[PDB]
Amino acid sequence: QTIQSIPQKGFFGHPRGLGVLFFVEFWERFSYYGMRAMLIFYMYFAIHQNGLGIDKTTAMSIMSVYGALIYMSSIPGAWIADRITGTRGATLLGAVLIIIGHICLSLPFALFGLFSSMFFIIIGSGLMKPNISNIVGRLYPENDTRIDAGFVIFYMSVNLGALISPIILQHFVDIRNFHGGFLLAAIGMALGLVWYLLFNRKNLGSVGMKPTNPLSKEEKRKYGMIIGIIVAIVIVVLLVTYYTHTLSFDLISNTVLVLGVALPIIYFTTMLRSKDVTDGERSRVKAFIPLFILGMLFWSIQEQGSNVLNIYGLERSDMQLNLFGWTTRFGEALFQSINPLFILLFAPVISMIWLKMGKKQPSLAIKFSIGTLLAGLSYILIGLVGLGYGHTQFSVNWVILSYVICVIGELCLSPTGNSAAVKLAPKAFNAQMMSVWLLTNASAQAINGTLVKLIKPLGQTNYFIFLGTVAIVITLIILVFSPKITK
């Protein structure tokens, strides 16, 4: 028994190990969202401002493609833990790779430093993200009802790190000390790794020390050749295009765009064509197709707050917060703190609205439709402000109001999708259903990598109105099938 080897109390009424992983996940998410908040400005700011001087659209595309690959890397990363290392080994290995990637950005390696950093953080996040979360659930016995509250505490560390790191790193953006700020994130991640190394054995015991489905001798040869050949094809294609001077980021963004649209098709088709899925379960998988489209439309607009809305605010607004006499300069990195702050303050509030309803509360489709409509309206709001003011500089309050309307939509959509990924999941395809709910974000980010290229031809203001309209009309179309989709 893995439960007999660990403490069952010790961290606010939950296993002591939830305390070790809260500290690790806080420091890892602190360094991730800190690095991310700075990265967009580090890329497109001029060389004389200590940036890389990359074209605005290419910097926006790198941000969205980087985010897509982090979520896609969870899929092979969960597999490596399930079949090769176990969840403990993948977490430790993944954490070490994330540290290397942050150190890559602290060094004066310009573009080599940027892409080698992304490479290490993509692989490391894939190995750490799904497996640290798996260990949290395995700390609880089969019939223990504390598990849901345990994850509510676990995901507080995620939003706490996301809130605090842009506030701390705004100083490094202001003085243009990008390397200094990226070293702070590397030191932040090092605290999380040292804490795991000091307290993982006595608090996590034997949980996750070995893979659940180990590979047989023949499978090590089979999967080794297939993976070996895929890693060999990617290396040569990138090397031949580099030395012939025909390698651009368009190669990476187009490959990831294909993966973003191909992966959801492969997963849905497998679950529908399987013989280990009942007629009742097959109808729920069919009913999650329009919900997947709504989730994708939601995450498309929400994730654009890290590379489109913030640059627009920095370039077109006054960047002067002004609320009931409280006026101060609004730092560009602090746009990334609005979303995690409102989740911390209003996630338990919206949770009590549904708990004081029970049967009165709306369906999964109505919650997914409310969320996508609010995300669509947030882009209509800022688009109409740009259209109304034109060349005139408007208040940063309008940009903040856009982020606030989008986070309110996330409070309706994000928890519903987590519950849908487990309730609508077939008995044999639980891990595959967690991948489709995860892919609503990855697919949206893969589309965003190419969707940002429409900003120059359409214009930044029309781009916001077009996306917001597309999101609302498709939501209202899917909303006419709300009684049908409820199965």
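Numbers follow the displayed sequence, beginning with 1.
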Query raised in the report: Is the mean CA B factor in the deposited entry higher across 54-62 or across 430-438?
Result: 430-438
Query - Of 193-201 and 283-291, the stretch whose C-alpha atoms average the higher B-factor in the entry - result: 283-291
Query raised in the report: Which of these has the highest Cα B-factor in the record: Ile164, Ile405, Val207, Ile350?
Result: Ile350
Query - From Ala232, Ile338, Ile98, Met319, residue of greatest CA B-factor - result: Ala232
Query - Among modelled residues of the same chain, the CA temperature factor third for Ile400 - result: lowest
Report task. Divide the modelled residues of the chain into thirds by Cα B-factor and specify which third, lowest, middle or highest, holds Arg36. Result -> lowest
**Report entry** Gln49 - which third its CA temperature factor falls in, relative to the rest of the chain
**Finding:** lowest
Query raised in the report: Taking the C-alpha B-factors as the PDB entry records them, is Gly77 in the lowest, middle or highest third of its chain?
Result: lowest
Query raised in the report: If you rank every modelled residue in this chain by C-alpha B factor, which third holds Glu303: lowest, middle or highest?
Result: lowest
